[PDB]
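Below is one structure, written out as structure tokens; the observations come after it.
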Amino acid sequence: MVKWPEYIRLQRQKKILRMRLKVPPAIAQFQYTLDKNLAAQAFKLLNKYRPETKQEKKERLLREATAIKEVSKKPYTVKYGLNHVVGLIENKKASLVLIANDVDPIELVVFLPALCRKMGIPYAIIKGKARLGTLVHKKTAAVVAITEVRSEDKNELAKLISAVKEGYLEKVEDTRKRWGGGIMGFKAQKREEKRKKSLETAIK
Amino acid sequence: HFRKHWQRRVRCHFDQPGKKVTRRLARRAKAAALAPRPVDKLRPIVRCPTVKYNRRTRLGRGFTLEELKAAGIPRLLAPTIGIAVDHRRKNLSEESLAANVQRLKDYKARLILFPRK
Amino acid sequence: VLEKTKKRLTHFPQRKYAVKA
Amino acid sequence: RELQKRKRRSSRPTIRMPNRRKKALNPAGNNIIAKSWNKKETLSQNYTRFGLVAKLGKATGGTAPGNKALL
Amino acid sequence: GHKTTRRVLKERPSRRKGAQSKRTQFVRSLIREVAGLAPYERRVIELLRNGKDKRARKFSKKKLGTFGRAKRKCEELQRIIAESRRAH
Amino acid sequence: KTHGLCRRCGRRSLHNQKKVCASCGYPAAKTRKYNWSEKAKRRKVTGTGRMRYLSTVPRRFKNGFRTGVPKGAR
Amino acid sequence: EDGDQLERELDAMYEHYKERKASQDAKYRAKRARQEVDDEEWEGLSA
Amino acid sequence: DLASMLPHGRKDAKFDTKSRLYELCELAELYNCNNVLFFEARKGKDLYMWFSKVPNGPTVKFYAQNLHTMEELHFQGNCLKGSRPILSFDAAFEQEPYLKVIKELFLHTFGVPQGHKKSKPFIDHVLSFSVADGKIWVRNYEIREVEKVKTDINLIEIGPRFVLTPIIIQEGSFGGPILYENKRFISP
Amino acid sequence: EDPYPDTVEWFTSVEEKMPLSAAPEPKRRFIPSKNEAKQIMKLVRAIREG
Amino acid sequence: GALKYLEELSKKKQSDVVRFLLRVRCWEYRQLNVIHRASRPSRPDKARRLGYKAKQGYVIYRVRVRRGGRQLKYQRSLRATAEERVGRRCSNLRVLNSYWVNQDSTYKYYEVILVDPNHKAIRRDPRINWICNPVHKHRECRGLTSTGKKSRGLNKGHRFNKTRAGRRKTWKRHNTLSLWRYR
RNA sequence: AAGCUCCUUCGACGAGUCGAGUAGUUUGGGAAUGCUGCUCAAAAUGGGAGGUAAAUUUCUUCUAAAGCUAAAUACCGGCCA
RNA sequence: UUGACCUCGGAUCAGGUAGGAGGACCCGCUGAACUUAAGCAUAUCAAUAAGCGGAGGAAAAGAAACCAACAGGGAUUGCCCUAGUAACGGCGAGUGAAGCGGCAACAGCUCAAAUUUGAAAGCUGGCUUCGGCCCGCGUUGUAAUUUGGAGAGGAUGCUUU
Ligand SMILES: [Zn+2]
């Protein structure tokens with residue numbers, strides 16, 4: 001019949017392999033992600049603590065330069081960068097951690113849920129490294145973390161932490177220690193009975 | 001003992017005087033570059049390793065950090081004022097430490113230092 | 001040249017000296 | 001060999017190379033060493049006349065009777 | 001030999017090259033937990049749980065190549081068993 | 001005849017069937033050369049031809065590859 | 001949701017690749033023409 | 001050669017020099033062996049043989065030199081692989097008290113037990129230990145039988161030829177108090 | 001045997017209450033930004049020079 | 001800290017996670033070309049410690065190399081062959097250094113870090129302007145990479161007498177007859 | 001911006017790499033002299049190499065698997081003399 | 001419906017770069033035979049010649065996972081002796097180093113491993129009135145600080161641009 005291009009065929013075969021292969025727990029827990037409402041609430045507190053764009057930073061710097069031509073509180077923002085966030089987690093300065101589910105290579109993040117659990121910091125897995133990326137002003141963020149917030153948002157951050165902790169970490173504790181994968185469909189199972197009825201009947 | 005091709009690997013030193021003149025002119029050129037300064041850096045006195053040669057001293061590579069401190073010469077300034085520094089050598093003996101500090105003090109006494117610019 | 005090398009050359013530059021006879 | 005023969009046979013001029021040296025052989029400038037340096041004297045001779053030491057190392061041979069520059 | 005006055009030298013960090021980094025130890029333990037075990041380590045774990053400890057040690061030798069390495073691997077896996085038991 | 005005019009080297013050395021020059025090997029980018037024939041190497045070494053540009057290089061090196069015109073010219 | 005249609009399409013494409021790469025020899029074609037099919041593929045009707 | 005002559009033995013590869021002489025004992029426990037014959041080479045030039053009964057005592061150290069192993073084409077003799085040998089010892093081995101401790105261990109090492117299932121059923125060789133200098137000389141001989149003239153035993157050397165000089169006997173597997181010191185050992 | 005066994009948390013089951021690093025905090029984490037001060041000074045010099 | 005976490009995870013290779021990832025990638029690389037470009041290092045910690053930066057001028061190439069021997073054994077490794085092939089492909093770049101990524105049973109896989117010497121950022125930045133210098137053309141061909149040094153035995157000690165400071169140079173120095181003017 | 005000094009504070013160092021088995025090749029060099037391929041495959045008061053009969057494997061000396069660097073050295077070819 | 005991210009492509013898109021020659025010396029891959037000696041065989045020729053790949057004015061090597069057993073040395077390179085010694089060889093034909101010591105020259109350094117986190121402070125372009133405008137790269141990490149005979153952070157007082 002028709003012939004697909006090589007890269008399209010390769011990526012669809014990668015889909016089939018990801019759905020078919022039995023996945024180790026450290027990647028199955030990445031397959032488990034959170035939901036629409038919790039993601040939306042996260043990005044509401046977070047969008048208030050988004051970094052300053054480059055134009056805004058230049059405009060601010062020009063403002064103080066002009067002021068000196070013719071005394072501030074500590075800025076609070078969403079902390080991003082893999083090494084920086086890992087350092088914050090290790091030093092227990094992070095209050096919340098959000099990890100993108102689709103970082104390839106995966107090894108960059110595959111230990112992050114375990115590190116967060118060991119250090120006791122609430123963590124969650126978000127669908128979309130491009131979305132964590134849009135909070136910061138970059139194309140992709142593998143991880144973002146909330147360290148401290150303003151007094152106007154302390155209660156909101158605490159309630160978000162409680163909600164994410166319960167409604168995601170309890171389900172993840174129920175199913176994170178087990179293997180993933182094994183979503184064999186009709187064709188896969190039929191091939192399985194074909195293989196067994198061709199193998200164990202008479203000969204090997 | 002000529003089983004190999006010594007004829008294609010033979011070397012004749014007809015350029016011995018020419019190389020000597022070249023070396024002497026090289027020592028003259030570095031003296032022209034480093035005019036008031038000597039054309040060599042100060043070297044410490046060390047003991048030869050082997051028991052065959054252990055009763056005679058020679059010139060080592062560079063001065064050690066603790067003897068440099070004892071003589072009172074800063075580490076970052078010693079290569080600047082023309083003293084070789086060796087971070088690998090260790091004293092292990094008050095005799096060598098004292099002899100090298102005496103040498104550095106003699107250099108201190110005989111040295112002329114120009115005040116920057 | 002690197003900034004660290006520039007700092008080192010700025011604060012410890014090769015001095016002129018003579019050794020007496 | 002063929003290149004040199006072609007050079008000798010052709011009318012293109014020979015490119016005589018000036019005796020350029022990478023390093024200057026004598027002190028220059030308007031300082032004491034340059035204004036007291038004798039270009040016809042040797043290194044040890046000049047440093048003996050100046051009163052300065054030219055080598056802090058061990059002597060590798062016998063010096064002139066009046067040499068005082070090889071400590 | 002000759003009589004020279006002995007001197008005591010300062011501590012060498014290159015001599016301190018031996019790793020006592022508690023943070024490196026933490027990283028190693030967490031990575032062990034995250035990654036899991038090789039098939040031969042799983043076999044050694046099964047043998048150690050069943051009590052074949054001399055067999056485990058022999059198989060560890062056959063897979064690694066040295067008595068000391070086999071001993072260290074067996075000790076590491078026994079500590080993993082103990083930690084799993086006290087965690088369960 | 002098994003050897004025609006090679007365009008790269010100019011000799012009557014082009015096997016018509018193989019289409020490869022026996023002297024320089026025209027289809028190959030490299031010019032055929034073997035260390036067991038010093039005579040052939042010295043027949044086709046540099047200096048046996050016209051030397052259009054390599055002959056003019058040394059004067060520019062002697063004057064320092066400078067660009068411009070002498071002051072007060074034209 | 002389980003990628004069933006995609007799995008069937010990819011399997012069919014790989015099988016077609018196999019048959020053409022095998023039938024570009026004509027000895028495989030002769031063997032296919034001569035060899036007889038089995039009955040454990042027709043099984044299911046009554047037996 | 002020694003391992004081939006020993007059927008109740010297990011050959012074991014390089015031992016770490018930074019390891020422990022009693023880690024030798026745990027290794028022997030690992031392999032369920034009650035005797036240890038350890039080869040320790042110094043500078044790649046000199047041999048040292050530690051004979052031991054593990055775990056509790058006693059243990060001797062020999063300096064081993066003057067080696068002439070097998071596959072040296074001047075012996076002309078052979079024997080079955082694993083057959084029980086005849087152990088020949090010396091009157092000095094029975095007289096000196098330390099030579100008596102070394103005889104017992106060499107019996108326990110080269111014993112080749114009677115009912116062992118890897119040993120050969122027939123006897124054809126003799127392993128002889130002799131004391132001439134302050135050293136122990138070991139020889140291995142085939143017993144060839146020749147019909148008498150109107151059978152008689154003849155001996156042809158078959159195997160390794162090495163010289164051992166005793167250094168220490170320790171009470172304990174690879175440690176404990178020193179019971180004997182050569183005090184005349186000239187180290188290479 | 002179990003080919004794909006569940007992980008037993010023998011290390012993450014215990015929670016540590018202290019940071020890994022005992023290194024002291026620098027002054028810069030408490031004082032305003034010196035780099036931003038340099039940038040503002042460069043901008044002020046540029047505005048002075050027009 | 002992610003770099004040490006990755007270093008330990010790479011140390012533990014037959015662990016389940018690394019084995020699974022290596023299997024899937026080995027499949028993906030077999031589906032891909034023999035030599036192809038990478039985007040991002042699959043081993044960022046190894047690339048960084050070997051000298052990879054995320055600058056305009058650094059590129060990765062993954063190369064497949066057939067494993068085995070010629071009973072003759074090739075004195076150059078499969079790692080050096082991969083570097084030489086990647087250089088012949090990208091003749092305009094300098095091969096900085098290569099590292100292992102997958103092995104299967106028929107081919108070994110290597111990611112080669114290469115640097116563009118003609119890029120303005122590379123030329124202006126020190127620490128790499130040395131590779132901008134012309135003496136470093138085809139280090140992989142002259143054996144000047146880490147694999148080349150290892151194969152040449154460029155180590156100091158009594159175990160490397162015949163190979164350090166150049167094997168052929170040492171042989172020539174030992175086989176020259178030196179005759180002086182006064183003999 | 002930089003150097004030193006002090007300390008009731010810290011101190012991170014290179015993995016299919018070592019190493020074991022094996023085949024080839026190479027060296028004066030089975031403690032395999034080095035290298036390559038192949039199967040297995042590491043450690044953290046660690047690892048490498050030496051010393052030593054001295055009584056246990058004590059002592060001595062360095063940090064591999066990342067990188068740059070002039071000079072003294074070679075030169076039957078290039079510009080000349 | 002729309003818009004990002006990732007991957008893979010197109011362009012006679014803008015700017016660059018590689019080929020070939022030379023190869024005396026230099027760095028690698030591959031690699032003989034004639035000859036000599038020995039019952040025979042390994043060996044020797046030779047880790048050479050031929051073939052292939054890659055640079056420069058020098059190349060390479062190079063700042064100890066070194067040498068040593070010292071009362072210690074202290075990156076690399078080359079000359080002298082070491083020395084026809086040690087070692088390996090039917091202890092044949094033979095092959096054949098190195099430490100020390102005297103000398104020539106001497107020069108030291110850069111990264112990965114830590115969070116700038118009170119502010120990506122870094123850099124490629126192309127539009128310029130040459131003064132600064134945007135596009136982008138980049139957090140899966142570009143600057144500064146640090147590189148284990150170290151260092152960092154605080155404190156403290158002098159000294160340098
Ligand atoms: Zn032609």
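Residues are referred to by chain and number: the chain letter is A, B, ... according to the order shown in the structure tokens, the number counts from 1 in that chain, and ligands are numbered separately from 1 in the order shown.
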Would you give me, as a PyMOL selection string, the residues of chain K that come within 10 Å of chain J, using only C-alpha atoms (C1' of nucleotides)? chain K and resi 12+14-17+23-25+27+29+33-38+41-42+49+64-69+74
Suppose we keep C-alpha atoms (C1' of nucleotides); can you now write the selection as a PDB file, in the first residue's frame?
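Writing the result to result-v7.pdb gives the following:
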```pdb
ATOM      1  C1'   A K  12      32.842  18.680  45.833  1.00  0.00           C
ATOM      2  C1'   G K  14      37.089  12.048  35.157  1.00  0.00           C
ATOM      3  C1'   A K  15      33.186   3.986  34.323  1.00  0.00           C
ATOM      4  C1'   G K  16      31.969  -0.636  29.571  1.00  0.00           C
ATOM      5  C1'   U K  17      37.096   2.944  32.780  1.00  0.00           C
ATOM      6  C1'   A K  23      43.354 -14.737  21.131  1.00  0.00           C
ATOM      7  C1'   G K  24      46.600 -11.946  18.318  1.00  0.00           C
ATOM      8  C1'   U K  25      50.575  -8.564  17.975  1.00  0.00           C
ATOM      9  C1'   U K  27      59.034  -5.472  23.681  1.00  0.00           C
ATOM     10  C1'   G K  29      60.847  -7.229  29.980  1.00  0.00           C
ATOM     11  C1'   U K  33      56.534  -4.742  28.391  1.00  0.00           C
ATOM     12  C1'   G K  34      52.821  -2.074  25.922  1.00  0.00           C
ATOM     13  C1'   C K  35      48.413  -2.291  22.531  1.00  0.00           C
ATOM     14  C1'   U K  36      44.042  -4.272  20.303  1.00  0.00           C
ATOM     15  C1'   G K  37      39.698  -7.573  19.935  1.00  0.00           C
ATOM     16  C1'   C K  38      36.392 -10.776  22.626  1.00  0.00           C
ATOM     17  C1'   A K  41      32.529  -6.555  34.772  1.00  0.00           C
ATOM     18  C1'   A K  42      34.258  -2.857  40.048  1.00  0.00           C
ATOM     19  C1'   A K  49      53.098   1.329  41.409  1.00  0.00           C
ATOM     20  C1'   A K  64      44.621   7.013  35.813  1.00  0.00           C
ATOM     21  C1'   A K  65      40.311   6.679  32.692  1.00  0.00           C
ATOM     22  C1'   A K  66      39.270  15.253  30.416  1.00  0.00           C
ATOM     23  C1'   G K  67      42.394  19.283  28.007  1.00  0.00           C
ATOM     24  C1'   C K  68      46.373  23.318  26.522  1.00  0.00           C
ATOM     25  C1'   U K  69      51.465  24.940  26.428  1.00  0.00           C
ATOM     26  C1'   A K  74      65.149  16.604  13.633  1.00  0.00           C
TER      27        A K  74
END
```
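Around residue 8 in chain C, within 12 Å and counting only C-alpha atoms (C1' of nucleotides), the residues found are residues 76, 77 and 80 of chain B; 1, 2, 3, 4, 5, 11, 12, 13 and 14 of chain C; 1, 2 and 3 of chain K; 160 and 161 of chain L, once anything fewer than 3 positions away on its own chain is removed.
Of note, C1' of residue 27 in chain L and CA of residue 139 in chain J are spaced 9.3 Å apart.
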Within 7 Å of ligand 1, which residues show up when you count only C-alpha atoms (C1' of nucleotides) and all ligand atoms? List them as number ranges by chain, please. F: 6-11, 13, 21-26
Within chain D, find each residue whose DSSP state, derived from the backbone, is helix (DSSP H, G or I), and express the selection as JSON, numbers by chain. {"D": [2, 3, 4, 5, 6, 7, 8, 9, 32, 33, 34, 35, 36, 43, 44, 45, 46, 47, 48, 49, 50]}
Taking only C-alpha atoms (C1' of nucleotides) into account, report as number ranges by chain which residues of chain K lie within 12 Å of chain F. K: 77-80
Output file for the selection above: N, CA and C atoms (P, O5', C5', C4', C3', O3' and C1' of nucleotides), as a PDB file, in the first residue's frame:
```
ATOM      1  P     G K  77      67.277  19.055  -0.584  1.00  0.00           P
ATOM      2  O5'   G K  77      65.694  19.209  -0.490  1.00  0.00           O
ATOM      3  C5'   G K  77      64.847  18.705  -1.512  1.00  0.00           C
ATOM      4  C4'   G K  77      63.413  19.124  -1.305  1.00  0.00           C
ATOM      5  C3'   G K  77      63.154  20.620  -1.245  1.00  0.00           C
ATOM      6  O3'   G K  77      63.102  21.238  -2.518  1.00  0.00           O
ATOM      7  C1'   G K  77      62.052  19.580   0.552  1.00  0.00           C
ATOM      8  P     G K  78      63.697  22.716  -2.713  1.00  0.00           P
ATOM      9  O5'   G K  78      62.711  23.643  -1.879  1.00  0.00           O
ATOM     10  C5'   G K  78      61.388  23.895  -2.327  1.00  0.00           C
ATOM     11  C4'   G K  78      60.803  25.108  -1.653  1.00  0.00           C
ATOM     12  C3'   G K  78      61.662  26.360  -1.681  1.00  0.00           C
ATOM     13  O3'   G K  78      61.532  27.071  -2.895  1.00  0.00           O
ATOM     14  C1'   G K  78      60.803  26.022   0.500  1.00  0.00           C
ATOM     15  P     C K  79      62.671  28.097  -3.358  1.00  0.00           P
ATOM     16  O5'   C K  79      62.659  29.222  -2.235  1.00  0.00           O
ATOM     17  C5'   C K  79      61.700  30.266  -2.259  1.00  0.00           C
ATOM     18  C4'   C K  79      62.219  31.484  -1.543  1.00  0.00           C
ATOM     19  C3'   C K  79      63.658  31.853  -1.859  1.00  0.00           C
ATOM     20  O3'   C K  79      63.777  32.605  -3.051  1.00  0.00           O
ATOM     21  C1'   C K  79      63.340  31.855   0.481  1.00  0.00           C
ATOM     22  P     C K  80      65.137  32.559  -3.895  1.00  0.00           P
ATOM     23  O5'   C K  80      66.244  32.211  -2.809  1.00  0.00           O
ATOM     24  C5'   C K  80      67.529  32.805  -2.858  1.00  0.00           C
ATOM     25  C4'   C K  80      67.871  33.478  -1.554  1.00  0.00           C
ATOM     26  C3'   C K  80      69.349  33.561  -1.229  1.00  0.00           C
ATOM     27  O3'   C K  80      70.008  34.613  -1.908  1.00  0.00           O
ATOM     28  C1'   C K  80      68.176  32.805   0.670  1.00  0.00           C
TER      29        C K  80
END
```
Near-residue 48 in chain D list (6 Å; only C-alpha atoms (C1' of nucleotides); drop same-chain fewer than 3 positions) as an MDAnalysis selection string: chainID D and resid 45 51 68:69
Selection above as a file: C-alpha atoms, as a compact mmCIF listing (two decimals), in the first residue's frame:
```txt
# COMPACT_ATOMS: atom_id res chain seq x y z
CA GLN D 45 82.29 40.84 29.93
CA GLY D 51 78.95 44.77 38.42
CA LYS D 68 82.90 38.16 38.01
CA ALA D 69 79.58 37.48 36.28
```
Straight-line distance linking CA of residue 49 in chain I with CA of residue 69 in chain A, stated in Å to one decimal: 12.0 Å
Near residue 89 in chain A, counting only C-alpha atoms (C1' of nucleotides), which residues have an atom at most 8 Å away, once you skip same-chain residues fewer than 6 positions from it, shown as an NGL selection string? :A and (115-116 or 119 or 121)
Output N, CA and C atoms for every residue in the selection just made, as a PDB file, in the first residue's frame.
```
ATOM      1  N   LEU A 115      14.528  11.927  45.012  1.00  0.00           N
ATOM      2  CA  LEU A 115      15.239  12.931  45.796  1.00  0.00           C
ATOM      3  C   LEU A 115      14.268  13.814  46.565  1.00  0.00           C
ATOM      4  N   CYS A 116      13.189  14.243  45.913  1.00  0.00           N
ATOM      5  CA  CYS A 116      12.188  15.053  46.596  1.00  0.00           C
ATOM      6  C   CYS A 116      11.521  14.285  47.727  1.00  0.00           C
ATOM      7  N   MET A 119      14.021  14.075  50.650  1.00  0.00           N
ATOM      8  CA  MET A 119      14.173  15.342  51.353  1.00  0.00           C
ATOM      9  C   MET A 119      12.865  15.855  51.942  1.00  0.00           C
ATOM     10  N   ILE A 121      10.276  17.248  50.392  1.00  0.00           N
ATOM     11  CA  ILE A 121       9.658  18.374  49.690  1.00  0.00           C
ATOM     12  C   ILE A 121       8.512  17.858  48.823  1.00  0.00           C
TER      13      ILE A 121
END
```
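The interatomic distance for the pair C1' of residue 103 in chain L and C1' of residue 83 in chain L works out to 19.1 Å.
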Could you please tell me, as a PyMOL selection string, which residues of chain E have an atom within 9 Å of chain H when using only C-alpha atoms? chain E and resi 54-55+57-58+66-68
Contacts from chain E to chain A, 8 Å maximum, only C-alpha atoms: show me the residue list as a PDB file with C-alpha atoms, in the first residue's frame.
```
ATOM      1  CA  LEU E  30      19.815   7.090  46.260  1.00  0.00           C
ATOM      2  CA  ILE E  31      21.056   6.026  42.815  1.00  0.00           C
ATOM      3  CA  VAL E  34      16.441   4.381  41.908  1.00  0.00           C
ATOM      4  CA  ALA E  35      18.254   2.238  39.345  1.00  0.00           C
TER       5      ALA E  35
END
```
